[PDB]
file protein-v9.cif (mmCIF, C-alpha atoms)
data_run
#
loop_
_atom_site.group_PDB
_atom_site.id
_atom_site.type_symbol
_atom_site.label_atom_id
_atom_site.label_comp_id
_atom_site.auth_asym_id
_atom_site.auth_seq_id
_atom_site.Cartn_x
_atom_site.Cartn_y
_atom_site.Cartn_z
ATOM 1 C CA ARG Y 545 1.558 18.895 -10.874
ATOM 2 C CA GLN Y 546 1.043 18.802 -7.106
ATOM 3 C CA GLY Y 547 0.519 21.673 -4.729
ATOM 4 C CA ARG Y 548 1.428 25.023 -6.231
ATOM 5 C CA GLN Y 549 4.996 25.598 -5.081
ATOM 6 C CA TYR Y 550 7.406 24.257 -2.492
ATOM 7 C CA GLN Y 551 10.819 25.695 -1.692
ATOM 8 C CA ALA Y 552 13.612 23.741 -3.315
ATOM 9 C CA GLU Y 553 15.354 24.612 -0.047
ATOM 10 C CA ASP Y 554 13.450 21.719 1.555
ATOM 11 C CA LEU Y 555 12.317 18.574 -0.215
ATOM 12 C CA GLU Y 556 12.406 16.686 3.072
ATOM 13 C CA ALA Y 557 9.122 18.085 4.380
ATOM 14 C CA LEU Y 558 7.292 16.934 1.267
ATOM 15 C CA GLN Y 559 9.005 13.555 1.515
ATOM 16 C CA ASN Y 560 7.771 13.179 5.080
ATOM 17 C CA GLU Y 561 4.217 14.289 4.309
ATOM 18 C CA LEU Y 562 3.951 11.813 1.453
ATOM 19 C CA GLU Y 563 5.562 9.159 3.639
ATOM 20 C CA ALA Y 564 2.906 9.660 6.294
ATOM 21 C CA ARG Y 565 0.032 9.593 3.835
ATOM 22 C CA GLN Y 566 1.291 6.558 1.924
ATOM 23 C CA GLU Y 567 1.708 4.830 5.271
ATOM 24 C CA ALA Y 568 -1.928 5.720 5.906
ATOM 25 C CA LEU Y 569 -2.768 4.248 2.481
ATOM 26 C CA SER Y 570 -2.650 0.596 3.527
ATOM 27 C CA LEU Y 571 -4.293 1.273 6.877
ATOM 28 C CA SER Y 572 -7.120 3.221 5.253
ATOM 29 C CA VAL Y 573 -7.817 0.577 2.631
ATOM 30 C CA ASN Y 574 -7.860 -2.106 5.325
ATOM 31 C CA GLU Y 575 -10.178 0.019 7.467
ATOM 32 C CA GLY Y 576 -12.633 0.609 4.659
ATOM 33 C CA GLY Y 577 -12.699 -2.914 3.320
ATOM 34 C CA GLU Y 578 -12.873 -4.647 6.678
ATOM 35 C CA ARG Y 579 -15.507 -2.419 8.245
ATOM 36 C CA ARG Y 580 -17.703 -2.511 5.161
ATOM 37 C CA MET Y 581 -17.537 -6.262 4.642
ATOM 38 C CA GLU Y 582 -18.073 -6.895 8.366
ATOM 39 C CA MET Y 583 -21.186 -4.756 8.468
ATOM 40 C CA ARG Y 584 -22.275 -6.587 5.307
ATOM 41 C CA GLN Y 585 -22.232 -9.895 7.123
ATOM 42 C CA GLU Y 586 -24.089 -8.090 9.888
ATOM 43 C CA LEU Y 587 -26.685 -7.215 7.259
ATOM 44 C CA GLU Y 588 -26.869 -10.902 6.416
ATOM 45 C CA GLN Y 589 -27.525 -11.984 9.999
ATOM 46 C CA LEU Y 590 -30.194 -9.302 10.224
ATOM 47 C CA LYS Y 591 -31.768 -10.638 7.031
ATOM 48 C CA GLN Y 592 -31.986 -14.178 8.367
ATOM 49 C CA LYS Y 593 -33.427 -12.943 11.654
ATOM 50 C CA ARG E 545 22.702 -5.593 -3.118
ATOM 51 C CA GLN E 546 21.789 -6.244 -6.762
ATOM 52 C CA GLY E 547 23.697 -8.699 -8.860
ATOM 53 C CA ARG E 548 27.287 -8.245 -7.829
ATOM 54 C CA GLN E 549 28.588 -6.169 -10.738
ATOM 55 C CA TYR E 550 25.099 -5.474 -12.100
ATOM 56 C CA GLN E 551 26.341 -3.227 -14.929
ATOM 57 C CA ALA E 552 27.021 -0.500 -12.367
ATOM 58 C CA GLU E 553 29.147 1.345 -14.930
ATOM 59 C CA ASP E 554 25.859 2.407 -16.523
ATOM 60 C CA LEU E 555 22.601 1.118 -15.013
ATOM 61 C CA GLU E 556 20.399 4.027 -16.089
ATOM 62 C CA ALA E 557 17.528 2.254 -17.831
ATOM 63 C CA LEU E 558 17.027 -0.381 -15.135
ATOM 64 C CA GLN E 559 15.933 2.298 -12.675
ATOM 65 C CA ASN E 560 12.795 2.703 -14.757
ATOM 66 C CA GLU E 561 12.420 -1.069 -14.828
ATOM 67 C CA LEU E 562 12.950 -1.242 -11.083
ATOM 68 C CA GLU E 563 10.102 1.218 -10.620
ATOM 69 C CA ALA E 564 7.956 -1.076 -12.746
ATOM 70 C CA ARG E 565 8.954 -4.007 -10.557
ATOM 71 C CA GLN E 566 8.237 -1.933 -7.469
ATOM 72 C CA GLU E 567 4.685 -1.393 -8.685
ATOM 73 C CA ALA E 568 3.893 -5.058 -8.091
ATOM 74 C CA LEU E 569 4.551 -4.291 -4.419
ATOM 75 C CA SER E 570 1.119 -2.694 -4.275
ATOM 76 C CA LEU E 571 -0.664 -5.880 -5.270
ATOM 77 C CA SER E 572 1.633 -8.399 -3.637
ATOM 78 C CA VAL E 573 1.314 -6.873 -0.168
ATOM 79 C CA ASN E 574 -2.156 -5.417 -0.640
ATOM 80 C CA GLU E 575 -3.979 -8.510 -1.833
ATOM 81 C CA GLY E 576 -3.228 -11.035 0.903
ATOM 82 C CA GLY E 577 -3.524 -8.162 3.356
ATOM 83 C CA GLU E 578 -7.276 -8.060 2.870
ATOM 84 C CA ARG E 579 -7.518 -11.813 2.419
ATOM 85 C CA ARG E 580 -6.290 -12.375 5.972
ATOM 86 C CA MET E 581 -8.598 -9.555 7.053
ATOM 87 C CA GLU E 582 -11.445 -11.127 5.114
ATOM 88 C CA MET E 583 -11.165 -14.638 6.468
ATOM 89 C CA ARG E 584 -10.416 -13.332 9.927
ATOM 90 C CA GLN E 585 -13.963 -12.033 10.216
ATOM 91 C CA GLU E 586 -15.327 -15.328 8.980
ATOM 92 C CA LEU E 587 -13.171 -17.051 11.564
ATOM 93 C CA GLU E 588 -14.612 -14.648 14.109
ATOM 94 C CA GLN E 589 -18.084 -15.333 12.753
ATOM 95 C CA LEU E 590 -17.370 -19.044 12.854
ATOM 96 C CA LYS E 591 -15.959 -18.571 16.345
ATOM 97 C CA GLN E 592 -19.164 -16.833 17.356
ATOM 98 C CA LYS E 593 -21.212 -19.650 15.873
ATOM 99 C CA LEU X 841 -17.058 -25.557 12.593
ATOM 100 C CA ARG X 842 -13.820 -26.450 14.375
ATOM 101 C CA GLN X 843 -12.631 -28.284 11.272
ATOM 102 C CA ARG X 844 -13.612 -25.176 9.324
ATOM 103 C CA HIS X 845 -11.525 -23.209 11.813
ATOM 104 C CA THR X 846 -8.478 -25.389 11.309
ATOM 105 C CA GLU X 847 -8.727 -25.186 7.520
ATOM 106 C CA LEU X 848 -9.355 -21.444 7.466
ATOM 107 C CA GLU X 849 -6.367 -21.192 9.793
ATOM 108 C CA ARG X 850 -4.265 -23.133 7.298
ATOM 109 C CA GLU X 851 -5.308 -20.717 4.559
ATOM 110 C CA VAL X 852 -4.746 -17.652 6.732
ATOM 111 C CA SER X 853 -1.333 -19.004 7.716
ATOM 112 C CA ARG X 854 -0.469 -19.345 4.043
ATOM 113 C CA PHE X 855 -1.523 -15.756 3.369
ATOM 114 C CA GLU X 856 0.284 -14.456 6.457
ATOM 115 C CA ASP X 857 3.468 -16.135 5.268
ATOM 116 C CA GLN X 858 3.119 -15.059 1.646
ATOM 117 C CA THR X 859 2.717 -11.504 2.921
ATOM 118 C CA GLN X 860 5.646 -11.866 5.316
ATOM 119 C CA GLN X 861 8.045 -12.829 2.541
ATOM 120 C CA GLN X 862 6.480 -10.721 -0.222
ATOM 121 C CA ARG X 863 6.860 -7.528 1.779
ATOM 122 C CA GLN X 864 10.537 -8.255 2.346
ATOM 123 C CA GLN X 865 11.109 -8.546 -1.391
ATOM 124 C CA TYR X 866 9.170 -5.427 -2.297
ATOM 125 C CA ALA X 867 10.558 -3.310 0.525
ATOM 126 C CA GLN X 868 13.951 -4.400 -0.789
ATOM 127 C CA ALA X 869 12.788 -3.351 -4.248
ATOM 128 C CA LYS X 870 12.001 0.182 -3.109
ATOM 129 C CA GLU X 871 15.234 0.161 -1.084
ATOM 130 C CA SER X 872 17.428 -0.678 -4.063
ATOM 131 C CA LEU X 873 15.432 1.951 -5.917
ATOM 132 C CA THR X 874 16.388 4.482 -3.257
ATOM 133 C CA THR X 875 20.011 3.466 -3.731
ATOM 134 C CA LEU X 876 19.663 4.210 -7.435
ATOM 135 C CA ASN X 877 17.880 7.479 -6.669
ATOM 136 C CA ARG X 878 20.883 8.442 -4.570
ATOM 137 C CA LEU X 879 23.466 7.369 -7.135
ATOM 138 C CA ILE X 880 22.398 8.114 -10.674
ATOM 139 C CA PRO X 881 20.766 11.538 -10.893
ATOM 140 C CA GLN X 882 24.053 13.438 -10.964
ATOM 141 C CA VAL X 883 26.504 11.468 -8.851
ATOM 142 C CA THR X 884 27.036 8.874 -11.563
ATOM 143 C CA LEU X 885 27.942 11.777 -13.871
ATOM 144 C CA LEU X 886 30.477 13.630 -11.696
ATOM 145 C CA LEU X 887 31.617 10.400 -10.192
ATOM 146 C CA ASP X 888 31.824 9.365 -13.816
ATOM 147 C CA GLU X 889 35.054 7.577 -12.854
ATOM 148 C CA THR X 890 37.272 10.277 -14.320
ATOM 149 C CA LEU F 841 -34.713 -4.548 12.046
ATOM 150 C CA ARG F 842 -35.949 -2.781 8.943
ATOM 151 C CA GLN F 843 -34.653 0.480 10.386
ATOM 152 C CA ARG F 844 -31.439 -1.368 11.157
ATOM 153 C CA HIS F 845 -31.165 -2.310 7.493
ATOM 154 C CA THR F 846 -31.892 1.267 6.465
ATOM 155 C CA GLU F 847 -29.094 2.618 8.633
ATOM 156 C CA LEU F 848 -26.819 -0.195 7.501
ATOM 157 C CA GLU F 849 -27.370 0.931 3.912
ATOM 158 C CA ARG F 850 -26.616 4.502 4.955
ATOM 159 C CA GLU F 851 -23.357 3.316 6.489
ATOM 160 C CA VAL F 852 -22.571 1.334 3.344
ATOM 161 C CA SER F 853 -22.939 4.498 1.290
ATOM 162 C CA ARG F 854 -20.728 6.458 3.670
ATOM 163 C CA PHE F 855 -18.025 3.787 3.603
ATOM 164 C CA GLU F 856 -18.138 3.522 -0.180
ATOM 165 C CA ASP F 857 -17.648 7.263 -0.546
ATOM 166 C CA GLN F 858 -14.817 7.296 1.981
ATOM 167 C CA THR F 859 -13.014 4.382 0.358
ATOM 168 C CA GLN F 860 -13.251 5.688 -3.199
ATOM 169 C CA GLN F 861 -11.990 9.088 -2.079
ATOM 170 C CA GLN F 862 -9.119 7.905 0.060
ATOM 171 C CA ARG F 863 -7.847 5.392 -2.475
ATOM 172 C CA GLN F 864 -7.934 7.987 -5.261
ATOM 173 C CA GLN F 865 -5.963 10.576 -3.310
ATOM 174 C CA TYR F 866 -3.566 7.877 -2.148
ATOM 175 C CA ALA F 867 -2.845 6.883 -5.743
ATOM 176 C CA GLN F 868 -2.249 10.523 -6.678
ATOM 177 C CA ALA F 869 0.052 10.965 -3.685
ATOM 178 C CA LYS F 870 1.970 7.837 -4.658
ATOM 179 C CA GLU F 871 2.497 9.332 -8.104
ATOM 180 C CA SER F 872 3.747 12.663 -6.771
ATOM 181 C CA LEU F 873 6.046 10.734 -4.455
ATOM 182 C CA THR F 874 7.437 8.734 -7.358
ATOM 183 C CA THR F 875 8.293 12.015 -9.057
ATOM 184 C CA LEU F 876 10.030 13.506 -6.027
ATOM 185 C CA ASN F 877 11.763 10.356 -4.799
ATOM 186 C CA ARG F 878 13.130 9.419 -8.215
ATOM 187 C CA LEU F 879 14.020 12.769 -9.724
ATOM 188 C CA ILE F 880 14.466 15.345 -6.961
ATOM 189 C CA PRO F 881 15.561 13.327 -3.962
ATOM 190 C CA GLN F 882 18.962 15.015 -3.639
ATOM 191 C CA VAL F 883 19.339 17.296 -6.681
ATOM 192 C CA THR F 884 18.582 20.230 -4.388
ATOM 193 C CA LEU F 885 22.331 20.014 -3.858
ATOM 194 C CA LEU F 886 22.680 21.359 -7.387
ATOM 195 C CA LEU F 887 19.608 23.562 -7.066
ATOM 196 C CA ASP F 888 21.213 25.079 -3.966
ATOM 197 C CA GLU F 889 22.435 28.275 -5.666
ATOM 198 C CA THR F 890 25.417 26.381 -7.080
#
call {"tool": "encode", "arguments": {"input": "protein-v9.cif", "output": "structure tokens"}}
result
Amino acid sequence: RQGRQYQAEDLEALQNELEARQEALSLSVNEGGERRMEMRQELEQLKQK
Amino acid sequence: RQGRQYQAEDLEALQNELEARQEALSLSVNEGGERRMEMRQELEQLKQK
Amino acid sequence: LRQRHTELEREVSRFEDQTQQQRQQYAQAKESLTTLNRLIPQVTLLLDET
Amino acid sequence: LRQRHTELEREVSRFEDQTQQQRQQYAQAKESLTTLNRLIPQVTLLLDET
């Protein structure tokens, strides 16, 4: 379902990788949304100018 | 942690239910998380004004 | 605009709080879930209280 | 300012692509996590050449 194979001898590495990325999840969504909406208001000021 | 007996003898099914509950996490943290973000810019914009 | 600031601050305070609690509850949700993940998969069956 | 708008649109497109991507892969990763965290988290004990 994911990857192709990972040693049953270590689940922990996969746990940590997914931990890191899911931690990046919230940060990335905030980044995208905030930057895009901010530059949208910038568009608006440019329009009025 | 949960209830105080909380049918510990056999809780199996609730795990599934707990996962369902846990899904709301996404929204409940995510949503306001942009809202603050959102208005913050406006505050900043208003500040600038 | 300063009145706007105060009101937006009220709203942002409300959201900051709602987040502050909410995350406690849902972190606790995943935490209890981890407890279950530890217990049930086999441990509940060998610790079946024999 | 018209060029500014043009580049702003370019940046909009870039951000849209980035956001759609990242959120999709993050959902998929959450799902794979769910599988591992719930089912596997410790059963390697048993999988360990028992």
call {"tool": "interface_residues", "arguments": {"input": "protein-v9.cif", "of": "chain E", "to": "chain X", "cutoff": "7 Å", "atoms": "only C-alpha atoms", "output": "short mmCIF file (atom, residue, chain, number, x, y, z; two decimals) with C-alpha atoms, keeping the file's coordinate frame"}}
result
data_model
loop_
_atom_site.label_atom_id
_atom_site.label_comp_id
_atom_site.auth_asym_id
_atom_site.auth_seq_id
_atom_site.Cartn_x
_atom_site.Cartn_y
_atom_site.Cartn_z
CA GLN E 559 15.93 2.30 -12.68
CA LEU E 562 12.95 -1.24 -11.08
CA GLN E 566 8.24 -1.93 -7.47
CA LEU E 569 4.55 -4.29 -4.42
CA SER E 572 1.63 -8.40 -3.64
CA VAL E 573 1.31 -6.87 -0.17
CA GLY E 576 -3.23 -11.04 0.90
CA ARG E 580 -6.29 -12.38 5.97
CA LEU E 587 -13.17 -17.05 11.56
CA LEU E 590 -17.37 -19.04 12.85
#
call {"tool": "interface_residues", "arguments": {"input": "protein-v9.cif", "of": "chain Y", "to": "chain E", "cutoff": "12 Å", "atoms": "all atoms listed in the file", "output": "PDB file with C-alpha atoms, in the coordinates of the input"}}
result
ATOM      1  CA  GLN Y 566       1.291   6.558   1.924  1.00  0.00           C
ATOM      2  CA  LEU Y 569      -2.768   4.248   2.481  1.00  0.00           C
ATOM      3  CA  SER Y 570      -2.650   0.596   3.527  1.00  0.00           C
ATOM      4  CA  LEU Y 571      -4.293   1.273   6.877  1.00  0.00           C
ATOM      5  CA  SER Y 572      -7.120   3.221   5.253  1.00  0.00           C
ATOM      6  CA  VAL Y 573      -7.817   0.577   2.631  1.00  0.00           C
ATOM      7  CA  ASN Y 574      -7.860  -2.106   5.325  1.00  0.00           C
ATOM      8  CA  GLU Y 575     -10.178   0.019   7.467  1.00  0.00           C
ATOM      9  CA  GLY Y 576     -12.633   0.609   4.659  1.00  0.00           C
ATOM     10  CA  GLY Y 577     -12.699  -2.914   3.320  1.00  0.00           C
ATOM     11  CA  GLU Y 578     -12.873  -4.647   6.678  1.00  0.00           C
ATOM     12  CA  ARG Y 579     -15.507  -2.419   8.245  1.00  0.00           C
ATOM     13  CA  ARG Y 580     -17.703  -2.511   5.161  1.00  0.00           C
ATOM     14  CA  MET Y 581     -17.537  -6.262   4.642  1.00  0.00           C
ATOM     15  CA  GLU Y 582     -18.073  -6.895   8.366  1.00  0.00           C
ATOM     16  CA  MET Y 583     -21.186  -4.756   8.468  1.00  0.00           C
ATOM     17  CA  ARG Y 584     -22.275  -6.587   5.307  1.00  0.00           C
ATOM     18  CA  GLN Y 585     -22.232  -9.895   7.123  1.00  0.00           C
ATOM     19  CA  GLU Y 586     -24.089  -8.090   9.888  1.00  0.00           C
ATOM     20  CA  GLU Y 588     -26.869 -10.902   6.416  1.00  0.00           C
ATOM     21  CA  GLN Y 589     -27.525 -11.984   9.999  1.00  0.00           C
TER      22      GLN Y 589
END
call {"tool": "calpha_fit_rmsd", "arguments": {"input": "protein-v9.cif", "fixed": "chain X", "moving": "chain F"}}
result
2.4 Å
call {"tool": "atom_distance", "arguments": {"input": "protein-v9.cif", "atom1": "CA of residue 545 in chain Y", "atom2": "CA of residue 879 in chain F"}}
result
13.9 Å
call {"tool": "atom_distance", "arguments": {"input": "protein-v9.cif", "atom1": "CA of residue 556 in chain E", "atom2": "CA of residue 882 in chain X"}}
result
11.3 Å
call {"tool": "decode", "arguments": {"input": "protein-v9.cif", "residues": "range 551-573 of chain Y", "atoms": "N, CA, C and O atoms", "output": "PDB file, in the first residue's frame"}}
result
ATOM      1  N   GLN Y 551      11.568  -3.647   6.302  1.00  0.00           N
ATOM      2  CA  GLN Y 551      11.888  -4.647   7.307  1.00  0.00           C
ATOM      3  C   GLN Y 551      10.909  -4.588   8.470  1.00  0.00           C
ATOM      4  O   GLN Y 551      10.690  -3.528   9.063  1.00  0.00           O
ATOM      5  N   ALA Y 552      10.291  -5.727   8.776  1.00  0.00           N
ATOM      6  CA  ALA Y 552       9.557  -5.832  10.028  1.00  0.00           C
ATOM      7  C   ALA Y 552      10.481  -5.649  11.219  1.00  0.00           C
ATOM      8  O   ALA Y 552      10.013  -5.361  12.325  1.00  0.00           O
ATOM      9  N   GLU Y 553      11.786  -5.809  11.007  1.00  0.00           N
ATOM     10  CA  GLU Y 553      12.758  -5.630  12.073  1.00  0.00           C
ATOM     11  C   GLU Y 553      12.772  -4.207  12.607  1.00  0.00           C
ATOM     12  O   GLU Y 553      13.292  -3.977  13.704  1.00  0.00           O
ATOM     13  N   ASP Y 554      12.216  -3.248  11.870  1.00  0.00           N
ATOM     14  CA  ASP Y 554      12.152  -1.874  12.357  1.00  0.00           C
ATOM     15  C   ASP Y 554      10.920  -1.186  11.789  1.00  0.00           C
ATOM     16  O   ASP Y 554      10.914  -0.768  10.628  1.00  0.00           O
ATOM     17  N   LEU Y 555       9.891  -1.065  12.624  1.00  0.00           N
ATOM     18  CA  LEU Y 555       8.771  -0.177  12.350  1.00  0.00           C
ATOM     19  C   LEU Y 555       9.094   1.256  12.742  1.00  0.00           C
ATOM     20  O   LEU Y 555       8.536   2.204  12.173  1.00  0.00           O
ATOM     21  N   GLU Y 556      10.006   1.420  13.701  1.00  0.00           N
ATOM     22  CA  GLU Y 556      10.213   2.716  14.332  1.00  0.00           C
ATOM     23  C   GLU Y 556      10.634   3.768  13.316  1.00  0.00           C
ATOM     24  O   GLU Y 556      10.203   4.924  13.398  1.00  0.00           O
ATOM     25  N   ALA Y 557      11.495   3.399  12.369  1.00  0.00           N
ATOM     26  CA  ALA Y 557      11.930   4.363  11.366  1.00  0.00           C
ATOM     27  C   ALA Y 557      10.742   4.905  10.590  1.00  0.00           C
ATOM     28  O   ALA Y 557      10.626   6.116  10.368  1.00  0.00           O
ATOM     29  N   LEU Y 558       9.854   4.016  10.151  1.00  0.00           N
ATOM     30  CA  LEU Y 558       8.675   4.470   9.429  1.00  0.00           C
ATOM     31  C   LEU Y 558       7.805   5.342  10.319  1.00  0.00           C
ATOM     32  O   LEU Y 558       7.289   6.376   9.874  1.00  0.00           O
ATOM     33  N   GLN Y 559       7.625   4.939  11.579  1.00  0.00           N
ATOM     34  CA  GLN Y 559       6.891   5.789  12.510  1.00  0.00           C
ATOM     35  C   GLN Y 559       7.467   7.191  12.533  1.00  0.00           C
ATOM     36  O   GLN Y 559       6.732   8.176  12.458  1.00  0.00           O
ATOM     37  N   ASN Y 560       8.785   7.299  12.642  1.00  0.00           N
ATOM     38  CA  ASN Y 560       9.408   8.610  12.774  1.00  0.00           C
ATOM     39  C   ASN Y 560       9.293   9.422  11.494  1.00  0.00           C
ATOM     40  O   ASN Y 560       9.055  10.633  11.549  1.00  0.00           O
ATOM     41  N   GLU Y 561       9.461   8.782  10.340  1.00  0.00           N
ATOM     42  CA  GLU Y 561       9.295   9.490   9.076  1.00  0.00           C
ATOM     43  C   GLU Y 561       7.891  10.063   8.963  1.00  0.00           C
ATOM     44  O   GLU Y 561       7.703  11.247   8.645  1.00  0.00           O
ATOM     45  N   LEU Y 562       6.886   9.226   9.213  1.00  0.00           N
ATOM     46  CA  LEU Y 562       5.512   9.698   9.133  1.00  0.00           C
ATOM     47  C   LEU Y 562       5.246  10.764  10.180  1.00  0.00           C
ATOM     48  O   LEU Y 562       4.505  11.717   9.927  1.00  0.00           O
ATOM     49  N   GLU Y 563       5.828  10.616  11.367  1.00  0.00           N
ATOM     50  CA  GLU Y 563       5.695  11.641  12.391  1.00  0.00           C
ATOM     51  C   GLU Y 563       6.182  12.976  11.859  1.00  0.00           C
ATOM     52  O   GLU Y 563       5.484  13.990  11.941  1.00  0.00           O
ATOM     53  N   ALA Y 564       7.391  12.983  11.303  1.00  0.00           N
ATOM     54  CA  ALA Y 564       7.958  14.220  10.784  1.00  0.00           C
ATOM     55  C   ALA Y 564       7.052  14.826   9.727  1.00  0.00           C
ATOM     56  O   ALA Y 564       6.740  16.022   9.765  1.00  0.00           O
ATOM     57  N   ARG Y 565       6.613  14.012   8.772  1.00  0.00           N
ATOM     58  CA  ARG Y 565       5.829  14.571   7.678  1.00  0.00           C
ATOM     59  C   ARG Y 565       4.470  15.062   8.161  1.00  0.00           C
ATOM     60  O   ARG Y 565       4.012  16.130   7.749  1.00  0.00           O
ATOM     61  N   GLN Y 566       3.811  14.317   9.043  1.00  0.00           N
ATOM     62  CA  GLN Y 566       2.528  14.780   9.552  1.00  0.00           C
ATOM     63  C   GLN Y 566       2.691  16.006  10.436  1.00  0.00           C
ATOM     64  O   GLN Y 566       1.765  16.815  10.554  1.00  0.00           O
ATOM     65  N   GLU Y 567       3.847  16.162  11.075  1.00  0.00           N
ATOM     66  CA  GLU Y 567       4.131  17.420  11.747  1.00  0.00           C
ATOM     67  C   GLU Y 567       4.253  18.542  10.730  1.00  0.00           C
ATOM     68  O   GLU Y 567       3.777  19.659  10.959  1.00  0.00           O
ATOM     69  N   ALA Y 568       4.885  18.249   9.593  1.00  0.00           N
ATOM     70  CA  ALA Y 568       4.989  19.230   8.522  1.00  0.00           C
ATOM     71  C   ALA Y 568       3.635  19.524   7.888  1.00  0.00           C
ATOM     72  O   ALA Y 568       3.484  20.541   7.213  1.00  0.00           O
ATOM     73  N   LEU Y 569       2.663  18.627   8.054  1.00  0.00           N
ATOM     74  CA  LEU Y 569       1.342  18.821   7.456  1.00  0.00           C
ATOM     75  C   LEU Y 569       0.741  20.171   7.833  1.00  0.00           C
ATOM     76  O   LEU Y 569       0.384  20.980   6.965  1.00  0.00           O
ATOM     77  N   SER Y 570       0.576  20.404   9.137  1.00  0.00           N
ATOM     78  CA  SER Y 570      -0.063  21.631   9.596  1.00  0.00           C
ATOM     79  C   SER Y 570       0.743  22.851   9.180  1.00  0.00           C
ATOM     80  O   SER Y 570       0.184  23.859   8.724  1.00  0.00           O
ATOM     81  N   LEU Y 571       2.064  22.775   9.328  1.00  0.00           N
ATOM     82  CA  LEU Y 571       2.909  23.899   8.959  1.00  0.00           C
ATOM     83  C   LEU Y 571       2.760  24.217   7.482  1.00  0.00           C
ATOM     84  O   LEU Y 571       2.659  25.382   7.094  1.00  0.00           O
ATOM     85  N   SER Y 572       2.752  23.186   6.641  1.00  0.00           N
ATOM     86  CA  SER Y 572       2.674  23.385   5.204  1.00  0.00           C
ATOM     87  C   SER Y 572       1.337  23.987   4.806  1.00  0.00           C
ATOM     88  O   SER Y 572       1.278  24.883   3.955  1.00  0.00           O
ATOM     89  N   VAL Y 573       0.247  23.498   5.400  1.00  0.00           N
ATOM     90  CA  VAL Y 573      -1.050  24.066   5.057  1.00  0.00           C
ATOM     91  C   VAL Y 573      -1.112  25.521   5.492  1.00  0.00           C
ATOM     92  O   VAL Y 573      -1.616  26.375   4.752  1.00  0.00           O
TER      93      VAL Y 573
END
